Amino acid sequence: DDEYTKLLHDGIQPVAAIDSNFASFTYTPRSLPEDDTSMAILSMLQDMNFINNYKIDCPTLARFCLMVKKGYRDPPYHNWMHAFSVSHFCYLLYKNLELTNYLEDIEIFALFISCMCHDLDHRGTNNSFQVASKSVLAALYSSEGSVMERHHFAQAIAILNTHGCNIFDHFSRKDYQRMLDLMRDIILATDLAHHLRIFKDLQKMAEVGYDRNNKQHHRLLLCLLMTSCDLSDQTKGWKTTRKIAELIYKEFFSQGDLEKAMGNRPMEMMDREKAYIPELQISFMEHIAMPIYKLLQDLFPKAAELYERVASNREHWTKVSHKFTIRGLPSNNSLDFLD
């Protein structure tokens, strides 16, 4: 490809040159034209010193980036831009939060790689639709749970074992297999069921306080950080939140259409005739998003602004609620829609 040419010959742009605001929480990675994002991945890893630290071969890494990028389909939400903006938020965590005092470098490295790979080959439909619609993935995976996530992992593994893409094949067998373990745990942790299982443990962790010598704290923190990244679109301003809803509901309603055409009734939120958006968004923000970011703040006080921004985005939903009632006449002055 021609993308492959340019990445392999031009050089790794330093990070400041992408945007003077690039390492800030107020930065919106979705502003970056899709065509610059593989480059940026490279700059982020460079700026974290990983390329030098773990002695990664540059061409192999370039090839791996591109494979990961094209292993994403194009549903409205779960596409390469989602994956890039989740990896970018992992980068901010390392730059802003000083994870190094809580995590080994190999763990931080794995989180970042996992971020890029965590939704590989997503089709825009969720775990219950896979079962509900008895697909090959459910066939493969459904008896162990997390259908989509096991598929994401499996695709990551398939890219790694593609000639010239194995950015880890020079690690010791000990480090190589630690790296596969960590990616499997982290990708699996992106299922909301997983997160709901470990919630008390996370609360406990923040309650007793973080213990650097407790291996299980390392594991739990890794899971919290992955869910932080995966929800990071809710940490920017109202403009991002609104646009994120458009893309998320377009995907849910599409799946809902397909559930109706197969002869099931979709859940409310996936049904475009019943889904009432402000209320679903407010529920999501209150029950899932806010608690994840409150936990982040409990363990790294410099993460407080993330939480208040999420809270603040939930407030806007409430403020615009009323606009989903047609008062007066519709713009075209006709009750045509009513028929």
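Note that residue numbering begins at 1 and tracks the sequence as displayed. C-alpha atoms forming the largest set that superposes within 1.5 Å between two forms make up the rigid core.
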(request) Return whichever of 193 to 201 or 145 to 153 has the larger RMS Cα deviation from the displayed form in 9 other deposited structures of this protein, where every structure is aligned on the rigid core. (result) 145 to 153
(request) Determine, for 119 to 127 and 236 to 244, which one has C-alphas that on average lie farther from this form in 9 other deposited structures of this protein; superpose on the rigid core first. (result) 119 to 127
(message) Regarding 204 to 212 and 183 to 191, which shows the higher C-alpha temperature factor on average in the entry?
(response) 204 to 212
(request) Mind pulling up the entry and telling me whether 21 to 29 or 315 to 323 has the higher mean Cα temperature factor? (result) 315 to 323
(request) Identify, among 245, 99, 226, 148, the residue whose C-alpha carries the highest B-factor in the deposited PDB entry. (result) 99
(message) Among 288, 65, 299, 48, where is the Cα B factor highest in this entry?
(response) 299
(request) Check where residue 144 lands among this chain's C-alpha B-factors and tell me if it's the lowest, middle or highest third. (result) highest
(request) Within this chain's modelled residues, let me know which third the CA B factor of residue 172 belongs to: lowest, middle or highest. (result) middle
(message) Going by the CA temperature factor in the PDB record, which third of the chain does residue 303 belong to: lowest, middle or highest?
(response) highest
(request) Among all modelled residues of this chain, ranked by Cα B factor, put residue 104 in the bottom, middle or top third, i.e. lowest, middle or highest. (result) middle
(request) Ordered by C-alpha B-factor within the chain, which third holds residue 263? Give me lowest, middle or highest, please. (result) highest
